[PDB]
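Colleague: The structure that follows is given in the form of structure tokens.
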Amino acid sequence: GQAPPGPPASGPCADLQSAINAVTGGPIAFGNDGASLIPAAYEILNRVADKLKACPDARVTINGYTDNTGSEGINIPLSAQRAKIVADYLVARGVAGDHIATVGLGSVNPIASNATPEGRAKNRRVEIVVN
């Protein structure tokens with residue numbers, strides 16, 4: 001396997017966000033059972049957790065998003081849950097879940113056409129930003 005990161009000397013990260021967005025290449029898409037992320041996302045997420053381990057002084061915010069198709073009062077708890085799924089998975093990689101924040105915004109800002117299930121699938125995403 002891989003060995004734990006060597007001891008730092010200077011600052012660990014100037015801005016871990018640049019490492020996270022580079023690894024993710026985008027937001028986290030969901031699908032399959034719906035309450036699960038895409039199989040390819042886990043692969044990317046494992047790579048994200050790696051960076052978190054490489055930067056234990058960093059806190060991450062996992063904000064969940066969904067489309068405005070369902071009820072907003074229902075969308076919010078959902079978005080938060082999907083966000084938690086990601087947070088949980090990171091913990092399983094050794095990442096401190098206490099330094100991981102989960103936010104559910106429901107349907108606040110769509111990015112794709114709701115007229116299509118395809119675009120709707122983009123409106124429902126999870127994003128990881130460094131706090």
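Residues in the structure tokens are numbered from 1 in each chain, the chains being A, B, ... in the order shown, and ligands are numbered from 1 in the order shown.
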Looking only at the backbone, which of the residues in chain A does DSSP tag as helix (DSSP H, G or I), as a CSV table (one decimal) with N, CA and C atoms, in the first residue's frame?
Modeller:
```csv
chain,number,residue,atom,x,y,z
A,17,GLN,N,-7.9,23.9,-1.1
A,17,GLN,CA,-9.0,24.0,-2.1
A,17,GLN,C,-8.5,23.7,-3.5
A,18,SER,N,-7.3,24.2,-3.8
A,18,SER,CA,-6.6,24.0,-5.1
A,18,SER,C,-6.3,22.6,-5.3
A,19,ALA,N,-6.1,21.8,-4.2
A,19,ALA,CA,-5.8,20.4,-4.3
A,19,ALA,C,-7.1,19.6,-4.5
A,20,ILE,N,-8.2,20.1,-3.8
A,20,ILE,CA,-9.4,19.4,-3.7
A,20,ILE,C,-10.1,19.5,-5.1
A,21,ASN,N,-10.3,20.7,-5.6
A,21,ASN,CA,-10.9,21.0,-6.9
A,21,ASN,C,-10.1,20.3,-8.0
A,22,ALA,N,-8.8,20.2,-7.9
A,22,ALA,CA,-8.0,19.6,-8.9
A,22,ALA,C,-8.3,18.1,-8.9
A,23,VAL,N,-8.4,17.5,-7.8
A,23,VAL,CA,-8.7,16.1,-7.7
A,23,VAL,C,-10.1,15.7,-8.1
A,24,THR,N,-11.1,16.5,-7.6
A,24,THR,CA,-12.5,16.2,-7.9
A,24,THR,C,-12.8,16.5,-9.4
A,39,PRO,N,-20.4,5.3,-8.8
A,39,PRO,CA,-19.3,4.4,-8.5
A,39,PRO,C,-17.9,5.1,-8.8
A,40,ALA,N,-17.9,5.9,-9.9
A,40,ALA,CA,-16.7,6.7,-10.3
A,40,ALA,C,-16.4,7.8,-9.3
A,41,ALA,N,-17.4,8.3,-8.6
A,41,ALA,CA,-17.2,9.3,-7.6
A,41,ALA,C,-16.4,8.9,-6.4
A,42,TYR,N,-16.7,7.6,-5.9
A,42,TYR,CA,-16.0,7.1,-4.8
A,42,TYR,C,-14.5,7.0,-5.0
A,43,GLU,N,-14.1,6.7,-6.3
A,43,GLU,CA,-12.8,6.6,-6.7
A,43,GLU,C,-12.1,8.0,-6.5
A,44,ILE,N,-12.8,9.0,-7.0
A,44,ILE,CA,-12.3,10.4,-6.9
A,44,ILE,C,-12.3,10.8,-5.4
A,45,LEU,N,-13.3,10.4,-4.7
A,45,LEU,CA,-13.5,10.8,-3.3
A,45,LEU,C,-12.3,10.2,-2.4
A,46,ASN,N,-11.9,9.0,-2.7
A,46,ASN,CA,-10.8,8.3,-2.1
A,46,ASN,C,-9.5,9.2,-2.3
A,47,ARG,N,-9.4,9.7,-3.5
A,47,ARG,CA,-8.3,10.6,-3.8
A,47,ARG,C,-8.4,11.9,-3.1
A,48,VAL,N,-9.6,12.4,-2.8
A,48,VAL,CA,-9.9,13.6,-2.0
A,48,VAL,C,-9.5,13.4,-0.6
A,49,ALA,N,-9.9,12.2,0.0
A,49,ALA,CA,-9.6,11.9,1.3
A,49,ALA,C,-8.1,11.8,1.6
A,50,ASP,N,-7.4,11.4,0.5
A,50,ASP,CA,-5.9,11.4,0.6
A,50,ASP,C,-5.4,12.7,0.8
A,51,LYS,N,-5.9,13.7,0.2
A,51,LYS,CA,-5.4,15.1,0.3
A,51,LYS,C,-5.8,15.7,1.7
A,52,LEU,N,-6.9,15.2,2.2
A,52,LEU,CA,-7.3,15.6,3.5
A,52,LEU,C,-6.4,15.1,4.6
A,53,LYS,N,-5.9,13.8,4.4
A,53,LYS,CA,-4.9,13.2,5.2
A,53,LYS,C,-3.6,13.9,5.1
A,54,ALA,N,-3.3,14.4,3.9
A,54,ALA,CA,-2.1,15.1,3.6
A,54,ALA,C,-2.1,16.5,4.2
A,72,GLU,N,-39.1,22.0,-1.1
A,72,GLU,CA,-37.9,22.6,-0.6
A,72,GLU,C,-37.7,22.1,0.9
A,73,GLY,N,-38.8,22.0,1.6
A,73,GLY,CA,-38.7,21.5,3.0
A,73,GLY,C,-38.2,20.0,3.1
A,74,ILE,N,-38.2,19.4,1.9
A,74,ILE,CA,-37.8,18.0,1.8
A,74,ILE,C,-36.4,17.9,1.2
A,75,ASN,N,-36.2,18.9,0.3
A,75,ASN,CA,-34.9,19.0,-0.4
A,75,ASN,C,-33.8,19.3,0.6
A,76,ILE,N,-34.0,20.2,1.5
A,76,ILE,CA,-33.0,20.6,2.4
A,76,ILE,C,-32.4,19.4,3.3
A,77,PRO,N,-33.3,18.7,4.0
A,77,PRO,CA,-32.8,17.5,4.8
A,77,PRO,C,-32.1,16.5,3.9
A,78,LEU,N,-32.6,16.4,2.6
A,78,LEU,CA,-32.0,15.4,1.7
A,78,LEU,C,-30.6,15.9,1.3
A,79,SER,N,-30.5,17.1,0.9
A,79,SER,CA,-29.1,17.6,0.5
A,79,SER,C,-28.1,17.4,1.6
A,80,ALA,N,-28.6,17.7,2.9
A,80,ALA,CA,-27.7,17.5,4.0
A,80,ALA,C,-27.3,16.1,4.2
A,81,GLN,N,-28.3,15.2,3.9
A,81,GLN,CA,-28.0,13.7,4.1
A,81,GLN,C,-27.0,13.3,3.1
A,82,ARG,N,-27.2,13.6,1.8
A,82,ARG,CA,-26.2,13.3,0.7
A,82,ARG,C,-24.8,13.9,1.1
A,83,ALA,N,-24.8,15.1,1.6
A,83,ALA,CA,-23.5,15.7,2.1
A,83,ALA,C,-22.9,14.8,3.2
A,84,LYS,N,-23.7,14.3,4.1
A,84,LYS,CA,-23.3,13.5,5.2
A,84,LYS,C,-22.7,12.2,4.7
A,85,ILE,N,-23.3,11.6,3.6
A,85,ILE,CA,-22.8,10.4,3.0
A,85,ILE,C,-21.3,10.5,2.6
A,86,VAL,N,-21.0,11.6,2.0
A,86,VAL,CA,-19.7,12.0,1.6
A,86,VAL,C,-18.7,12.1,2.8
A,87,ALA,N,-19.2,12.9,3.8
A,87,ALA,CA,-18.5,13.1,5.0
A,87,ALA,C,-18.1,11.8,5.7
A,88,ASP,N,-19.1,10.9,5.7
A,88,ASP,CA,-19.0,9.6,6.4
A,88,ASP,C,-17.9,8.7,5.7
A,89,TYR,N,-18.0,8.7,4.4
A,89,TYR,CA,-17.1,8.0,3.6
A,89,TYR,C,-15.6,8.5,3.8
A,90,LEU,N,-15.5,9.8,3.9
A,90,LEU,CA,-14.2,10.3,4.2
A,90,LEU,C,-13.6,9.9,5.5
A,91,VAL,N,-14.5,9.8,6.5
A,91,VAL,CA,-14.1,9.3,7.8
A,91,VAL,C,-13.6,7.8,7.7
A,97,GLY,N,-13.9,13.2,11.0
A,97,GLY,CA,-15.2,13.7,10.7
A,97,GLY,C,-15.6,14.9,11.5
A,98,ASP,N,-14.9,15.2,12.5
A,98,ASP,CA,-15.1,16.3,13.3
A,98,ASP,C,-14.6,17.6,12.7
A,99,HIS,N,-13.8,17.5,11.7
A,99,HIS,CA,-13.2,18.6,11.0
A,99,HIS,C,-13.9,18.7,9.6
A,117,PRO,N,-34.1,15.3,-17.3
A,117,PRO,CA,-33.6,14.5,-16.1
A,117,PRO,C,-32.1,14.5,-16.0
A,118,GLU,N,-31.4,14.8,-17.2
A,118,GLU,CA,-30.0,14.9,-17.3
A,118,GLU,C,-29.5,16.1,-16.6
A,119,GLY,N,-30.0,17.3,-16.9
A,119,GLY,CA,-29.6,18.5,-16.2
A,119,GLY,C,-30.0,18.4,-14.8
A,120,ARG,N,-31.2,17.9,-14.5
A,120,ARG,CA,-31.7,17.8,-13.2
A,120,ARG,C,-30.7,17.0,-12.3
A,121,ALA,N,-30.0,16.0,-13.0
A,121,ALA,CA,-29.0,15.2,-12.3
A,121,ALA,C,-27.8,16.0,-11.9
A,122,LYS,N,-27.6,17.2,-12.6
A,122,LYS,CA,-26.5,18.0,-12.2
A,122,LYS,C,-26.9,18.9,-11.1
A,123,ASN,N,-28.1,19.3,-11.1
A,123,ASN,CA,-28.7,20.2,-10.0
A,123,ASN,C,-28.6,19.5,-8.7
```
Colleague: Neighbours of residue 127 (chain A) within 8 Å (only C-alpha atoms; same-chain residues fewer than 3 positions away dropped), as a PyMOL selection string?
Modeller: chain A and resi 26-28+61-64
Colleague: Any chance you could export the current selection's N, CA, C and O atoms as an mmCIF file, in the first residue's frame?
Modeller:
```cif
data_model
loop_
_atom_site.group_PDB
_atom_site.id
_atom_site.type_symbol
_atom_site.label_atom_id
_atom_site.label_comp_id
_atom_site.auth_asym_id
_atom_site.auth_seq_id
_atom_site.Cartn_x
_atom_site.Cartn_y
_atom_site.Cartn_z
ATOM 1 N N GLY A 26 -14.607 18.569 -10.376
ATOM 2 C CA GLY A 26 -15.964 19.036 -10.430
ATOM 3 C C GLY A 26 -16.700 18.719 -9.153
ATOM 4 O O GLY A 26 -16.072 18.494 -8.116
ATOM 5 N N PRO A 27 -18.032 18.697 -9.193
ATOM 6 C CA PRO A 27 -18.840 18.331 -8.051
ATOM 7 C C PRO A 27 -19.105 16.821 -8.016
ATOM 8 O O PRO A 27 -18.808 16.102 -8.979
ATOM 9 N N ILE A 28 -19.666 16.347 -6.923
ATOM 10 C CA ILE A 28 -19.956 14.938 -6.761
ATOM 11 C C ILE A 28 -21.368 14.637 -7.246
ATOM 12 O O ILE A 28 -22.343 15.153 -6.694
ATOM 13 N N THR A 61 -15.904 21.640 4.083
ATOM 14 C CA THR A 61 -17.323 21.823 4.094
ATOM 15 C C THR A 61 -17.939 21.062 2.938
ATOM 16 O O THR A 61 -17.598 21.290 1.773
ATOM 17 N N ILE A 62 -18.811 20.148 3.261
ATOM 18 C CA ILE A 62 -19.499 19.381 2.278
ATOM 19 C C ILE A 62 -20.919 19.868 2.193
ATOM 20 O O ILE A 62 -21.737 19.611 3.083
ATOM 21 N N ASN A 63 -21.198 20.599 1.160
ATOM 22 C CA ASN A 63 -22.495 21.169 0.972
ATOM 23 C C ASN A 63 -23.254 20.412 -0.086
ATOM 24 O O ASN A 63 -22.765 20.219 -1.204
ATOM 25 N N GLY A 64 -24.440 19.980 0.271
ATOM 26 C CA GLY A 64 -25.236 19.190 -0.617
ATOM 27 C C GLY A 64 -26.266 20.007 -1.333
ATOM 28 O O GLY A 64 -26.835 20.945 -0.768
#
```
Colleague: Which of these residues is nearest to residue 34 (chain A), using only C-alpha atoms: A:107, A:114, A:66, A:131?
Modeller: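 Under the stated criterion, the closest residue is A:66.
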Colleague: Please determine, counting only C-alpha atoms, which residue among A:37, A:29, A:3, A:128 has the shortest atom-to-atom distance to residue 101 (chain A).
Modeller: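 Of A:37, A:29, A:3, A:128, the one nearest residue 101 (chain A), counting only C-alpha atoms, is A:128.
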Colleague: Could you check which of A:116, A:71, A:102, A:2 is closest to residue 59 (chain A), using only C-alpha atoms?
Modeller: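 Among the listed residues, the smallest separation from residue 59 (chain A) belongs to A:102.
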Colleague: Which residue gives the smallest distance to residue 8 (chain A) among A:92, A:129, A:38, A:55, with only C-alpha atoms counted?
Modeller: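 Under the stated criterion, the closest residue is A:55.
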Colleague: Would you please work out which residue, of A:126, A:94, A:11, A:100, is nearest to residue 65 (chain A) when using only C-alpha atoms?
Modeller: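 Selected residue with least distance to residue 65 (chain A): A:126.
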Colleague: DSSP says strand (DSSP E) for which residues of region 43-78 of chain A? Put them as a PyMOL selection string?
Modeller: chain A and resi 60-64
Colleague: Only N, CA, C and O atoms, please: the residues just picked out, written as an mmCIF file, in the first residue's frame.
Modeller:
```cif
data_model
loop_
_atom_site.group_PDB
_atom_site.id
_atom_site.type_symbol
_atom_site.label_atom_id
_atom_site.label_comp_id
_atom_site.auth_asym_id
_atom_site.auth_seq_id
_atom_site.Cartn_x
_atom_site.Cartn_y
_atom_site.Cartn_z
ATOM 1 N N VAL A 60 -13.068 20.800 6.028
ATOM 2 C CA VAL A 60 -13.792 20.782 4.776
ATOM 3 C C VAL A 60 -15.281 20.920 4.979
ATOM 4 O O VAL A 60 -15.843 20.402 5.937
ATOM 5 N N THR A 61 -15.904 21.640 4.083
ATOM 6 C CA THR A 61 -17.323 21.823 4.094
ATOM 7 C C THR A 61 -17.939 21.062 2.938
ATOM 8 O O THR A 61 -17.598 21.290 1.773
ATOM 9 N N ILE A 62 -18.811 20.148 3.261
ATOM 10 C CA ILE A 62 -19.499 19.381 2.278
ATOM 11 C C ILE A 62 -20.919 19.868 2.193
ATOM 12 O O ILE A 62 -21.737 19.611 3.083
ATOM 13 N N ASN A 63 -21.198 20.599 1.160
ATOM 14 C CA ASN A 63 -22.495 21.169 0.972
ATOM 15 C C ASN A 63 -23.254 20.412 -0.086
ATOM 16 O O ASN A 63 -22.765 20.219 -1.204
ATOM 17 N N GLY A 64 -24.440 19.980 0.271
ATOM 18 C CA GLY A 64 -25.236 19.190 -0.617
ATOM 19 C C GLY A 64 -26.266 20.007 -1.333
ATOM 20 O O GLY A 64 -26.835 20.945 -0.768
#
```
Colleague: CA of residue 58 (chain A) to CA of residue 35 (chain A): how many Å, to one decimal?
Modeller: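 Separation of CA of residue 58 (chain A) and CA of residue 35 (chain A): 27.1 Å.
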